[PDB]
Structure formats: C-alpha cells, structure tokens
Amino acid sequence: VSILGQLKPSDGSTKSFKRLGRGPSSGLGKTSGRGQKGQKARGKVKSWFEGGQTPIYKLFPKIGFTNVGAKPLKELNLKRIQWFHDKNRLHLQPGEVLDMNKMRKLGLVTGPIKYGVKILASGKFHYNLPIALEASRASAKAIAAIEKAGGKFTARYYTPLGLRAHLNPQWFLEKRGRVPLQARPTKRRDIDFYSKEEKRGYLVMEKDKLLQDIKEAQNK
Amino acid sequence: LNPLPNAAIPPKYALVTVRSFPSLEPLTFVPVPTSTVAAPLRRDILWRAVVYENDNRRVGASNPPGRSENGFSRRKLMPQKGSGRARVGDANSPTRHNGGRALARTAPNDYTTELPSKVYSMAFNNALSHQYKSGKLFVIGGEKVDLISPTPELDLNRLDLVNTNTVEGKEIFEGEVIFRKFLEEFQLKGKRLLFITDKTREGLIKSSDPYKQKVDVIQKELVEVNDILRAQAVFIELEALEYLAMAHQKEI
Amino acid sequence: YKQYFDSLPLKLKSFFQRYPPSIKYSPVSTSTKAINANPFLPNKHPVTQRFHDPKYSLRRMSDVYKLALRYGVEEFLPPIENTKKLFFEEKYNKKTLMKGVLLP
Amino acid sequence: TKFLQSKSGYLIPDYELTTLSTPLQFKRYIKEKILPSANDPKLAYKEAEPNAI
Amino acid sequence: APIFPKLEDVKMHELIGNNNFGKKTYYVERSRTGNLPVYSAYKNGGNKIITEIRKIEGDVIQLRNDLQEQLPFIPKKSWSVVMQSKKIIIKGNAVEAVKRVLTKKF
RNA sequence: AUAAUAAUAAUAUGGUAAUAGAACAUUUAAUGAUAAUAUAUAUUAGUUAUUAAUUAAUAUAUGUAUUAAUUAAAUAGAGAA
RNA sequence: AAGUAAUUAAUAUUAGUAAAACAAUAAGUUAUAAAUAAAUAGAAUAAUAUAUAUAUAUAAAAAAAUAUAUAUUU
RNA sequence: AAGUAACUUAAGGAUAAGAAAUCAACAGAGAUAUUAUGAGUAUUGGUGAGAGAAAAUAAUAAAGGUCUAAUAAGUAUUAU
C-alpha cells in the first residue's frame, strides 16, 4: 500500500488544543476556565490595566530621545576574520583590501549592512593577518592589533546610497549602465572623524582634496 | 590510539535503469546520487510536506451566515419585561432556530500554511527514495546518455505515444491501444499511475484520458510530494528526474 | 548602425525623432517661433513677451540626458548649458562645496 | 541483470540491482522473493493489504 | 558539476549495498560552511542546557558508545539518542569536547 | 541503555474554582482491500474492567462501505439559559 | 444553540538548517555584543576577575551594576 | 468612534490618479495606481486612550509619454 495512509508527525511535535465548554469530566466544563462571575468571566479587563494605581508605564518618568541621525553600525570582531582564515574561508588575493563588498560577499558579516561596519577587537591576541582592512571605523585596540599583525586599516566614509553601491556595484550597472560616485562627507562631525589620524580616517590617510579645500577656505 | 574505530565513508550513487517507454526495456544504468533516490525514509518530514500541500490546496468556501450576514430586521421581537416569556432581541440570534450562526466563518477561508524550502526539498527527495526502494520508480530515457543496449524499433526514449492524433479507419486510435497493451503487460490496470514528463506530451495525455481516474500525467515543475506518494508506480523522464534532483539538492 | 540606433531606449529615440541633430539648437533662450529653439530652455514668446515653459520639462530632459550618457549620444542632443542641471562626473568636479562644509 | 530479467519474465527492482554484488546473491534473492509467490498465487504479495499473513 | 555522472567513472564501492556501511558503522557529515554539527541548546527557558549532535549517517548507538569511551568523564546516563531524527543529546555544555573527539575522523 | 506484557517490594491514587496528561463517539479530506455467506440500522440476549466496540437471533433496507487504520479539518458530543 | 477567525507579539515542544537562519533577483527580518538618555566609546598589553567593556566619575585608577575572555568560535 | 453610517447630487464603464514647482541630499531618482518590505519606525497624543508616514527595495502592470496651451494674478505669498 502507499505510505500516504500511514504518516505521523514526529513525537513531541503536535498537541491536543484545550477544548472548553464541553462537559464536566472534560475538566474545562461549564465555566470553561473563566473562574466565576466577574468581568474577565464575560469580557476582558485591559491587558495593561492596573485597577487604579497609576499604570506603571505612567508612574516612571519619560526618558531619552531617538537620535534620528544615528546610523547604527554592525560589528565584525577580529576573532571572526581569524575564524574565516583558519577555515580558509577569507578567500583573498595578495592585496584585495578587505572592504565591505568583499566582507558581506565572503560572508563574514551578512544580512543587512544598512549604515556600515565597525571592526572590534574580541580576538586581538590570536589575530595575525597581514591583509589590509577597510570599514566604516575600527576600535583603537583592533587597529593596534591589525598594525601589529602587519596589516593596514582605513576608516572609509559611506553615505547609505554610496555604501549600497559599494556592496552591490553590478546591480547599478545593470539598471543604469553606471555605478554612482562616492559622496563627500557633508556633515561636520563626519568630516572631523575622518580627519583624525588616530581613527585612521581616509581623508588624512589618503590626503584628500576636500580637507585641503577646507584648509584653503579657513586661510582665506 | 584509535579514536573512532567504526567511522567510515557512506555510499554515494544508486543505479537506476534507463528504459524505453511503451515496453519498459533496460537500456542503461544511470548512477543517481544516494541523497535523491536512497535517503533514509523519514516519515515525519514526509508528513509535514503532505499536510502543508493539502493546506495549500484548500478552497475554503465555508460561508455560513452570522447574525449580521443573516437577513432579519434589527427590531426587538418582544419588550424586555411584561411579556411572560424569556428575553429576546432581534431574530438573528444563534439561540433561535431561524437565526444566524455563532462564530460564523466567512468567504475565502485562508488555510495556507508555510514550510521551510529546505524541509520541503528533503521531503521531496525522501518520497522519491521511498518509491525507488518499493520498486515503483521507472526512469525512461536514453536520448542524452550513452547507451549499453540499443533502443527498440517500435519504442522511443521519451515518454510519449506515436500517432495518437491520427484516427482514419475507425473512431478507435492507436496510442490508446498501445497504452492498454502496456497496462496489460505490466499488470497495473486498476493501479494508480503517475507520468512525470519534462515537456508537454499531448499524445500521452490523450492516450491516458480513458484511464484518467487512475493515471495522472504531470510536468516536471508541477509534480508534488502527494502525487509521488499516492502513485502505485511513477514513470519519470530521465531529464525530468535530473531536473528534480537539481532542484531539491542540498546546496554547497 | 541603423540597427544599433533602433536598439536605443524608447524615450531617447522619440526625442531624436522630434528634435533631430541636424538642427543646431541654441545654447541661450530664444524666440518660441524660432527653428533652433532649445526644448530644454524656457523660450520667450515674441508677441506676448512671456517665457514659455521648456518643451521638455526638467525631469524628462534629465532622463533623456542620462540615456544619452549611457549610450554615448550626448552631443547629438541640444545643449544643456543654460539649464542649471549638471550630471554625474562633471557635476561632481565643477561644484563648489557648501558654505557650511568649508566654513562651519 | 538485464539478461536474467528477460529469461525470468520478472523485474528485479533497481535498489536490489544496486545492492546485490554477485550472481549467487541474485539467485538467492530470486529464491526468497519471487519463486514462492509464483508457486502459490494466494501466497503472493497484495498491494492494498501489505501486512497480510 | 554534472548531477548524474557517467556509468564508467562510478566505482562499485561507491554504490549502495557495498562496503557494509549499515552494520555497526557510521558517518557524521559537516555543515554547509564546513564545521562539526555539535550545538549547545538552552531548553526549558535557559534552565536546561544540552549538547546536540546532528547529521549522523548509519548506526547512532555505536557512535554514542564510541563517544562515551572517548569521554569517560561524562556519565553513562546522560546520553539520550533520539532515534527518529538520529541525533545524540548530552546533558551538559559538552560541545567542545565532542568536537575535539570527532575532528580527527570527521 | 529500548519497548510489550508479566512478577516481587514500597509510596500514592476525595475534590469546587483551576493546572496538566491521555483517550473515545460524531462529520469531512488524503491513502484503501472487502461483499446481500456482505454491509448499514434497530430490539433483545450475550462478551470485552464496558462513554465504546463485538457476538448471536431477529426486522428493514442496500449488490453496497471515504469501510479498518494514519494523519489532517472540524458547525466534533446538551437535563439545564 | 455557544472559546472562533484575521493580523501581531511572546513561551514551549518537535522537525529542518546552523554561526548562521529566512528568503533567494534583489530587499528585508532575527541572531551574530554588552551597553549608554546620546555622541566619534567597545570587551586578557602575561590569564578568571585581582584582566578587560560600557555607564557615573576621572590624570589614570578604585567604587555599583551589567557584560567579556579558562583542539576549538556562540 | 469617523469623514464611518446615514441623507443629497452627479458621471462612466469603470471612475479616480497620472507625466513632477515630486522626493531627496552634495549621491541621486524620474507619471499614476495596488501590494509586500521599510515599520508599528520617525512623528504624534487630557505625551492617556490611542493614532502613524516617506525615502528606498522589490512585486503587479501598459506603447507609456504627450501637446491641447500664443504659459497663466486677484493667483504666488501674506494675515487671519
């Protein structure tokens, strides 16, 4: 005979749903688990109600602001890149700076890189890779570990569109026959960050034109 | 000294015989991988696939009228007190005999459940493997592959009957007769059959139509787990089987 | 060559049909009655002395220009000098940074 | 195996073919499965009632 | 690259019913990314930790016995082999030890 | 190292509201032999630690079980208004 | 004649998959770091908290809390 | 609750919308519509109850751009 009339679920998968209002010996008899006679018996008191004491959520003071300008950043710890190399997963060539295009492509960080990647230092001891990295930013300790390894970090600015283009340049080419140009940092805070040598920002490390223009303006 | 003494490497290819259609004649072996055609028969996975498919299939046309849907007036039939009878509102109540249903379902009852794609693929493989084990998986081909024994003169390598549409002498036609002869030969007249084609074999389906109640001709894309398992013997094209394998292979 | 031209996107092809490259259209705003009147610029009507809006509104013009850039057919389109829009690499290079960027 | 099938009249399943590595093994299988059913038609395996005794 | 290889290149030992894989032997296939299928699992609301071992082909009982022999420090009781899916559950977070034991062969 | 049943010992096995576990009847869908020597239904008399099913006798239909069984769906069970 | 349906969120158990999953064109969601009102801060410089991470504070510390390191990542 | 019920009027096979004084952000995109995602997120609220986008990314979708106006003033705006 066909198997189709002898298939069961795996043991522990299914259950019988508790069926109310269906006789006394069932257990869930006349009252059907409701108790006896109150409001909840016939209706439902507000789930977050509290009788009269200030509804807790109101008792506590309101706290904080939602920094709309914030661009939360994902975290690719040094430990992970090491796991990829030892697993022979980080497939790079002499050079091929490990950017975010390669990063997500390789599968170290994956899912949704919306705003960028920060490189943190959770396996800085056993990190020994002389490859060059490039991300939104890195932790100071992580940077130091990279330097020790014989590597080279560069904090690179990416607007959300520019980041997207970096990650998936072929899509833009397919759509429009042209990948979009990478934007300059318009914001003051961004400019300041990438102008820091301590952060290994690209504007100082590559000696950018924007920074020079700003200096000229200041002079004049 | 020896850490895992009984470790070993599993077998990776099962031979399926490639046949000519009208008469199921062995032309070649073809080693299909063990994952497609000889997986361990996990019933739970198979069950999951079947139930999900059944749920997807659902029409869900149950439409009893609730007290709103039901078409009485909203008027109070007897005044609250001073009637000498029980309290009543409008005539639509579930409590009364002509009134609408309590907790009534409505139009388009959506019964669609979800399954992970990988699980579904595994189930598909599993069903195929079970069929192979049973001896109910007839792979028909020989066009692409290199043969051992040559194809017969009156058979052909694809899954189809010749000159089905031709009907000159009498109302009876040849493809139907051939099909009947085939059925007689392999002792599967009343048994459920499942012809998994690659491209639309119009002549084959015409031949089948007499035995439409038991024979189900399906494309490579539209074939289901249910269809495979219900079948008493599946007749799959080599190319179609390859395609299915490719579809439901675990990715690397 | 003809087949390659035909293979061009629709909007661009339509533009070429209705404003062909044999006519050297003006860089500056002109009379609306003129033959060399640029469809991207706002041309003045000679009687009323009112600036008519460009025959190709600004979005459409931009799209056309981007299409031309894609297929390398820029110079056959009439000039977009006096329309304020720049595009892509030229825009990037020629622009001055904002006062806020240079002088916070 | 094809020759054996042709002479026999019966079909040896694909899985079985894959498994059995010798002619002797094939013979043994045949003796086990097909032969008794051929001898006695009431003893044969029925599809609708697979757990018959 | 080809899903079904040609009849010539496939050896006899590669086929099913050869080399005796069913009788008292096993295999433990690595994941897609190429790691040992041994996982911590925090059941009953983080209260019950257990170590799960997946992707086992062949005789699971034998494999379990071999692992017990390798790791005598874990008790005999705490080795629940669920037969429907063929995976062997251990009570503690004994993942790393299991991995170490397996690595050498799988 | 498992299960099924059976052993010996001990401990427990009242119960409203309520929590948890496990079963059965009914109806539909998937798979599905069988046959008026049967099935379905009813009364009675039995048997099975027994809501149930089954034996027999009998009446009635029906040349027949969506039948046993596994799932999955329930408009799934009424001395309480 | 009466605990039901749709859209959510959470917990359990099982099954697949697994440092990935889902989905596969992309895009996204969840987890992969803890935080902090928030900012550019982020987990051993010689090993178990006597290390380090963030928050208060601060020259750096100590001090609260929470978190992180003991062949192979969770 | 809710611009919902209800009442009125009028038009067509549909109608409505539709070719940017739109979004955005120093990059850019290119009519409208419907759906998913963004996202119960920003925003908002006797800061209670509650209400809640857009960009962008995809689906759907058609030939989808196109002159008809001598270019638009009691209009832009503003105050209320």
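Residues numbered from 1 in each chain as written, not as in the entry; some residues may be left out. Chains lettered and ligands numbered in written order. Part of a larger assembly, values for the part shown. Heavy atoms only, no water. Residues with missing side-chain atoms left out of burial classes, pairs and counts.

- This entry lists cryo-EM as its structure determination method and reports a resolution of 3.2 Å.

### A few points about the sheet that holds strand β6 (residues 233-237) of chain B
Paired through their backbone hydrogen bonds, the strands of a sheet run either parallel or antiparallel.
All names here are of chain B.
Reasoning step 1: One open sheet accounts for 6 strands, arranged β2-β1-β3-β6-β4-β5; its pairing is mixed. Two strands in the sheet have a free side with no partner beyond their single neighbour: β2 (25-33) and β5 (215-218). Each strand of the sheet is rotated relative to its neighbour by a mean of 30°, with strand direction disregarded. (Pairing = 2+ DSSP bridges. Helix = DSSP H or I, 4+ residues; strand = E, 2+ residues; numbered from the N terminus. Axes fitted to C-alpha atoms, helices over the stretch in contact; angles between N-to-C directions.)

### Topic: the packing of helix α5 (residues 160-167) of chain A against helix α6 (residues 169-176) of chain A
Residues and elements named next belong to chain A.
Reasoning step 1: Look at α5 against α6: their axes get within 5 Å of each other, and the N-to-C directions meet at 95°. Looking at the two axes, α5 sits roughly perpendicular to α6. Packed against α5, whose contacting residues are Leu161, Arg164, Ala165, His166 and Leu167, the element α6 presents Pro169, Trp171 and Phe172 at the interface. (Parallel < 35°, antiparallel > 145°, perpendicular 65-115°, else oblique. Contact = heavy atoms within 4.5 Å.)

### A short note on the layout of surface pockets
Reasoning step 1: The volume enclosed by the second largest pocket comes to roughly 1,600 Å³.
Reasoning step 2: Lining the second largest pocket are 42 residues, with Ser134, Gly135 and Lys191 of chain B together with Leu11 and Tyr45 of chain D sitting closest to its centre.
Reasoning step 3: Of all elements in the fold, only α3 (117-134), β3 (137-140), α4 (174-186) and β6 of chain B together with α3 (23-39) of chain D reach the threshold of two or more residues within the lining of the second largest pocket.
Reasoning step 4: If you tally residues by element for the lining of the second largest pocket, the top one is α3 of chain D, at 6 residues.
Reasoning step 5: Classifying every residue of the lining of the second largest pocket gives 22 nonpolar, 10 polar and 10 charged. (1 Å grid on protein atoms, 1.4 Å probe; cavity = no way out; pocket = protein on both sides within 12 Å on 5 of 7 lines; lining within 4 Å. Points joined across faces, edges and corners; volume = space filled by probe spheres on them. Nonpolar A, V, L, I, M, F, W, Y, C, P; charged D, E, K, R; others polar.)

### What about the packing of aromatic side chains?
Reasoning step 1: All told, the structure shown has 28 aromatic pairs over all chains when counted by the stated rule.
Reasoning step 2: Judged by centre distance (5.7 Å) and plane angle (55°), the ring pair of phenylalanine 182 of chain B and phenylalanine 186 of chain B falls under tilted. You can see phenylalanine 182 of chain B and its partner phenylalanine 186 of chain B sitting in helix α4, 4 residues apart, about one turn around the helix.
Reasoning step 3: Ring centres 6.2 Å apart and planes at 70° place the aromatic pair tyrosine 19 of chain C and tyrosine 25 of chain C in the edge-to-face group. Comparing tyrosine 19 of chain C with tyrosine 25 of chain C, the two get one shared label, buried.
Reasoning step 4: Members of the aromatic cluster, each reached through a chain of ring pairs, are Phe21, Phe138, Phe179, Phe182, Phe186, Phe195, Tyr211 and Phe235 of chain B.
Reasoning step 5: Stacked on the ring of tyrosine 92 of chain C, the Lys or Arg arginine 184 of chain A has its end atom at 4.0 Å from the ring centre. (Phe/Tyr/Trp six-rings, centres within 6.5 Å; stacked < 30°, edge-to-face > 60°. Buried < 20%, exposed > 50% of the residue type's maximum accessible area, 1.4 Å probe, protein only. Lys NZ or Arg CZ within 6 Å of the ring centre and 35° of its normal.)

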